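Engineer: to kick things off, part of the complex as it is:
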Amino acid sequence: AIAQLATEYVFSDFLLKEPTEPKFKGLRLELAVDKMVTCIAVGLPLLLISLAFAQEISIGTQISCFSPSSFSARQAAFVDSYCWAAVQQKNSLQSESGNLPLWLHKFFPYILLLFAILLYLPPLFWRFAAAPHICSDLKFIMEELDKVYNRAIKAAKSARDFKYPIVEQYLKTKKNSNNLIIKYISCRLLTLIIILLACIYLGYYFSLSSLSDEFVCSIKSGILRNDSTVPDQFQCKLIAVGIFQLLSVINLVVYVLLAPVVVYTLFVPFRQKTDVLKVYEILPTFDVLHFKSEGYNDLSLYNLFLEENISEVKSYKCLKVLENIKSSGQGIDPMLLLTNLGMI
């Protein structure tokens, strides 16, 4: 049913499942824009395939050949099945557009599934090769930030009654290596390349004459060759090709809307904005240094992932509360922090 496919592929959490494992607990490991690009680019061809053969849009078989009236029902079934299998054998069928449109019309679901798989591959490579590396580091950074917050408020609480910037040094180190960022821009670049190839294929397929689904087929190989009761050629038509073209144009539109999103995603430093650690600079136990910007290096990627997963950090939440209050400038940062009383 149409509504079942709708639920399964947009309303269900299709490709939105969090990693079912206690290693990454609440950690996203895939940027929201990347998760939605993957969800679209993968589920749309699948949702389109499932639509193209919805039981109410499909009239029946995928091909019909119009055997003569003298032919029996089984003889007609042979002609249909033969021509269906004969869209490959170029000698049997004669089509005005060519044999390539026939191949594309028969194997359109396979090609869409191929595009879905190829578009799922880069997110899978990211989830397996580079997601744990960033997950461990991000979990460690969040733990260290919570610890420095607790120590800062404990020092402030003792005042109301070591000191090494380890996380800052770790991020300074991340500023050097660029392995994770080249992995990220490589998976994004393969996603963009596959999306553009899919756009090219879908634009070509939609550009077909729309009469290329009608091909002349001749069951005259083998012992049927010199047979006389069988006519020389049959007029076959590939049903559901109009549906294929109408769905291919939808896929092409969505993909050419998605390609600018991927291209923008490709520029990872430009997206690093609203410096997340700047809110921590108001802590005594934390050095006054953001030092996170301007590079095609893993530091920018970590900045993005921190900007995403930082809302889970309670210390960040309270510090951002104080920072927003500081916009008015009524009281003072350490006083409001001591008032806070939120170690964990």
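Structural biologist: Cool, the structure landed. Numbers count the residues shown, from 1 in each chain, chains lettered A, B, ... in the order given.
Engineer: which helix runs longest in chain A?
Structural biologist: helix A:131-160 (DSSP state H).
Engineer: so residue A:319 makes contact with residue A:278?
Structural biologist: No - applying Cβ atoms under 8 Å, one finds residue A:319 not in contact with residue A:278, separated by 9.8 Å. Backbone N, C-alpha and C define where each C-beta goes, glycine included.
Engineer: neighbour count for these two, which is higher?
Structural biologist: Higher neighbour count among residue A:319 and residue A:278: residue A:319, with 26 against 15, using other Cβ atoms under 10 Å.
Engineer: any idea how far residue A:182 is from the more buried one?
Structural biologist: Using Cβ to Cβ, to the nearest Å, one gets 32 Å for the distance from residue A:319 to residue A:182.
Engineer: just residue A:236 next, same as before
Structural biologist: Using Cβ to Cβ, residue A:236 is found at 51 Å from residue A:182.
Engineer: and the helices in chain A?
Structural biologist: With DSSP H as the criterion, chain A has helices at A:2-6, A:32-52, A:73-86, A:99-106, A:108-125, A:131-160, A:166-174, A:179-206, A:241-266, A:268-271, A:298-309, A:314-325, A:333-340.
Engineer: quick one: the third one to helix A:99-106, angle?
Structural biologist: Interaxial angle of helix A:73-86 relative to helix A:99-106 (axes from the mean of the first three to the mean of the last three Cα atoms, to 10 degrees): 110 degrees.
Engineer: so what does helix A:73-86 touch, helix or strand wise?
Structural biologist: strand A:63-64, strand A:214-217, strand A:234-238 (3 or more Cβ pairs under 8 Å, 6 or more residues apart in numbering; DSSP states H and E).
Engineer: how about residues contacting the first one?
Structural biologist: Counting contacts by Cβ atoms under 8 Å, 6 or more residues apart in numbering, the residues outside strand A:63-64 that touch it are A:80, A:83, A:84, A:236, A:237, A:238, A:239.
Engineer: neighbours of residue A:240, how many?
Structural biologist: 21.
Engineer: okay, chain B goes in next:
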Amino acid sequence: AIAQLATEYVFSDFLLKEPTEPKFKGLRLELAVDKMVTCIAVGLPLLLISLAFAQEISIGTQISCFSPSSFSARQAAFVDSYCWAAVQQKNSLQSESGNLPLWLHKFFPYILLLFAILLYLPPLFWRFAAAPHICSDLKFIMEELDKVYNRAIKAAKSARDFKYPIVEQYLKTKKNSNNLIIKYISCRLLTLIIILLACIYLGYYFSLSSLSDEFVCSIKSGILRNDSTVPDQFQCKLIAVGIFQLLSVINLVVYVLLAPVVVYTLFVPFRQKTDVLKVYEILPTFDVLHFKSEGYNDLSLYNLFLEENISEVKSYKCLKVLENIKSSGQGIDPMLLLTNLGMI
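Structural biologist: Take a look at chain B, now in place beside the chains above:
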């Protein structure tokens, strides 16, 4: 079965699922009127699609063409499938109303599913882009309110035997920025625009002549062109078009009933009523200031979400009990609060 679709789409918790995650625990993050508008505007086209092809309302195929009596059963099947695929090819079919009604009749389920998806998109954008931002802030506000209540009753209990309005300052800050409110009114405005476009389309479709489902179809392209045994044209009829129109008028009625609800939702300040924090003004540890009204700013949105999710706050419940008792004015607020004894 009809009853299965009924269960799935009204009696089941379709699109009423709470976010399956411990980040938002009992927090709604979608106003009840917005949740019901989404549920209706999305499930109604899906429920209608599933109805339009219920096994007891569908007689069989979606098209029937009445081939001549001389035609074999397979030859008749070819005519049916050809004309079904030929509602697209404008050269083959001749219809009094035009080819556009034929397109709309064949692809009515697809268009309804498209409307369902487009109507689901703004709630999805709200759930992903702006729901966590409001969720963290609302959870922090509820925690701070419980904390101030506990501190107030502890001070009162010590009397029977810091002091910074942090949440008030946070809300004062929210009064300034308007990012969340423009996100909210933007998703609501896209919902209204898509609902109005769906109303326009459904009113047009229902306005079709009701004989536009009968079209004359000619299987005479290719080698069949100069064939003589095949008649010049066939009288095809698109079954289940009357069902499509009867369901389109239902969808249009429900949508023109839903559009005023969305328009009213669009006026977020007007809906901010029954000042929820006013009940907290009777606490000594809480400054005597509501300061939440009159603006197209995120403060009004936060007021709505607080009015919704505030029933989960135990301190709010007890304070509202005292406030309602105060209507009689028998005793006194601090005495009844000390009697209360409900820290958590």
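Engineer: please look at what packs on helix A:73-86 again, because chain B has been put in.
Structural biologist: In terms of contacts (3 or more Cβ pairs under 8 Å, 6 or more residues apart in numbering or on different chains; DSSP states H and E), helix A:73-86 is packed against strand A:63-64, strand A:214-217, strand A:234-238, helix B:73-86.
Engineer: circling back: and the longest helix of chain A, how far from the chain's centre?
Structural biologist: A distance of 32 Å separates the centroid of the chain from that of helix A:131-160, by Cα atoms, centre = their mean, to the nearest Å.
Engineer: which residues touch stretch A:74-94?
Structural biologist: For stretch A:74-94, the external contacting residues (Cβ atoms under 8 Å, 6 or more residues apart in numbering or on different chains) are A:61-65, A:67, A:71, A:99, A:102-103, A:105-106, A:215-221, A:233-234, A:236, A:238, B:72, B:74-75.
Engineer: just the buried residues from these, in ChimeraX please.
Structural biologist: Typed into ChimeraX, the next command selects the buried ones out of the contacts of stretch A:74-94 (criterion: 16 or more other Cβ atoms under 10 Å in any protein chain shown):
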select /A:61,62,63,64,65,67,71,99,102,105,106,215,216,217,218,219,220,233,234,236,238 /B:72,74,75
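Engineer: what about dumping the CA coordinates of stretch A:128-142 to PDB?
Structural biologist: What follows is stretch A:128-142, C-alpha atoms only, in PDB (Å, rounded to 0.1, in the frame of the first residue of the first chain):
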ATOM      1  CA  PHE A 128      32.600   2.400  10.400                       C
ATOM      2  CA  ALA A 129      36.100   3.900   9.600                       C
ATOM      3  CA  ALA A 130      35.900   7.400  11.100                       C
ATOM      4  CA  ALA A 131      32.900   7.500  13.500                       C
ATOM      5  CA  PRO A 132      34.500   5.600  16.400                       C
ATOM      6  CA  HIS A 133      37.700   7.700  16.200                       C
ATOM      7  CA  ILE A 134      35.700  10.900  16.600                       C
ATOM      8  CA  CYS A 135      33.300   9.300  19.100                       C
ATOM      9  CA  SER A 136      36.000   8.400  21.600                       C
ATOM     10  CA  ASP A 137      37.700  11.800  21.300                       C
ATOM     11  CA  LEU A 138      34.400  13.700  21.600                       C
ATOM     12  CA  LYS A 139      33.300  11.700  24.600                       C
ATOM     13  CA  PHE A 140      36.700  12.400  26.200                       C
ATOM     14  CA  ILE A 141      36.400  16.100  25.500                       C
ATOM     15  CA  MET A 142      32.900  16.200  27.000                       C
END
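Engineer: add chain C to what we have:
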Amino acid sequence: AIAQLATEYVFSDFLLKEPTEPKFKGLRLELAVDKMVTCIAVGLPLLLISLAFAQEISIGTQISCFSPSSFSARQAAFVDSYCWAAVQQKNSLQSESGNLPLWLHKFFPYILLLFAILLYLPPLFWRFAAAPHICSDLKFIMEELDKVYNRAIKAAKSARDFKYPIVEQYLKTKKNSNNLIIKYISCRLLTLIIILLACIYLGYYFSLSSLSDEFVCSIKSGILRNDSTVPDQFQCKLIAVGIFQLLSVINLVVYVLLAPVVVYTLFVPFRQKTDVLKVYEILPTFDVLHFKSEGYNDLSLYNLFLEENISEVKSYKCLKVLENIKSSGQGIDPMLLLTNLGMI
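Structural biologist: Placed with the earlier chains, chain C looks like this:
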């Protein structure tokens, strides 16, 4: 449906299920490259089998025989079923390519399933015969590493206020025996051999004339032998053989892309890189000795499995944080370790 098979075999965690048992908790026991090689080499033939008979690619029966017009529908069904069963009996059918292509065309799904099973067998033998042996040892090594880290920081903490390298001696012992490594390279070698045999078979099958699916069949054994109403021979065609060849070439391409991966996996010492225990050499309670390289011995296999599962080790994570910071060389290892304060 195509999309259902897509989900089940690429988007679902097919053959990615962690061992459902508390004996191995978070331990991989299968290298990521080996897990992906198994997933591909097993799920691809299964995904291809399921595709080759997707309800929208299949026109109907797998064989059609074109009985004469005088034959009844049941008589035609007998001819079809007889020839289907007669691709085996070499006396009945006469084919230009031979009877072997006919056998291969009828039993192509069985042969692909056979290849899937044979390719699943070596990973199963590894999971049952050699996975627990390495699992117990790896869990013990991780526990001992966490213990030595805790003891080192406790000694450092006492300074701020036994001693036997047991794990080093255990690994030195592993350096001697080679049972696990010969088991590993044997399962990998059988995987490579079966992949190459599958490549050979698929390249042969795809090389078939593409007209070998058309065979002449004669229902003239038994009492039908001297019967006259039945014609001498029927022109049968095996539908879905073009689909079989198009899928066999896909399987062959993926398999010849997979074979270099298996060959590279076969060289286990070469893959032992980024010495994982080198990060532990900065501990006083740990002897300054890596001693893990250069051999076709179980030590290299354990090095690979440690490199994989070591991210679960918290002590390793903190030590790698200190080691990366040491790249700048600002402070000192024991001071930063004492600052760390992460016993568990």
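Engineer: ok chain C is in now, so what about what packs on helix A:73-86?
Structural biologist: strand A:63-64, strand A:214-217, strand A:234-238, helix B:73-86, strand C:63-64, helix C:73-86, strand C:234-238.
Engineer: tell me the strands beside the first one, with direction?
Structural biologist: Strand A:63-64 has its sheet partners listed here by DSSP bridges as strand A:234-238 (antiparallel).
Engineer: relative to residue B:208, which of the helices and strands packed on helix A:73-86 is closest?
Structural biologist: Across those, residue B:208 has its closest neighbour in helix B:73-86 (18.5 Å, Cβ to Cβ).
Engineer: now the closest one and helix A:241-266, what's the angle there?
Structural biologist: Using the same axes, to 10 degrees: helix B:73-86 against helix A:241-266 is 40 degrees.
Engineer: buried ones in helix B:73-86, by neighbour count?
Structural biologist: Neighbour counts using 16+ other Cβ under 10 Å place B:74-86 of helix B:73-86 among the buried residues.
Engineer: that older thread, quick one: the longest helix of chain A near chain C?
Structural biologist: Yes - using Cβ under 8 Å from any Cβ of the partner chain, helix A:131-160 reaches chain C at A:132, A:133, A:136, A:140, A:147.
Engineer: does that helix reach chain B?
Structural biologist: No - Helix A:131-160 stays clear of chain B (Cβ under 8 Å from any Cβ), getting no nearer than 9.0 Å.
Engineer: check which helices and strands that helix sits against.
Structural biologist: helix A:166-174, helix A:298-309, helix A:314-325, helix A:333-340, helix C:314-325.
Engineer: one more time with 10 Å
Structural biologist: helix A:108-125, helix A:166-174, helix A:179-206, helix A:298-309, helix A:314-325, helix A:333-340, helix C:314-325 (3 or more Cβ pairs under 10 Å, 6 or more residues apart in numbering or on different chains; DSSP states H and E).
Engineer: nearest to residue A:265, of the ones you listed?
Structural biologist: Nearest of the helices and strands packed on helix A:131-160 to residue A:265, taken as Cβ to Cβ: helix A:179-206 at 5.5 Å.
Engineer: quick check: angle from the closest one to helix A:131-160?
Structural biologist: Using the same axes, to 10 degrees: helix A:179-206 against helix A:131-160 is 130 degrees.
Engineer: thank you kindly, that will do.
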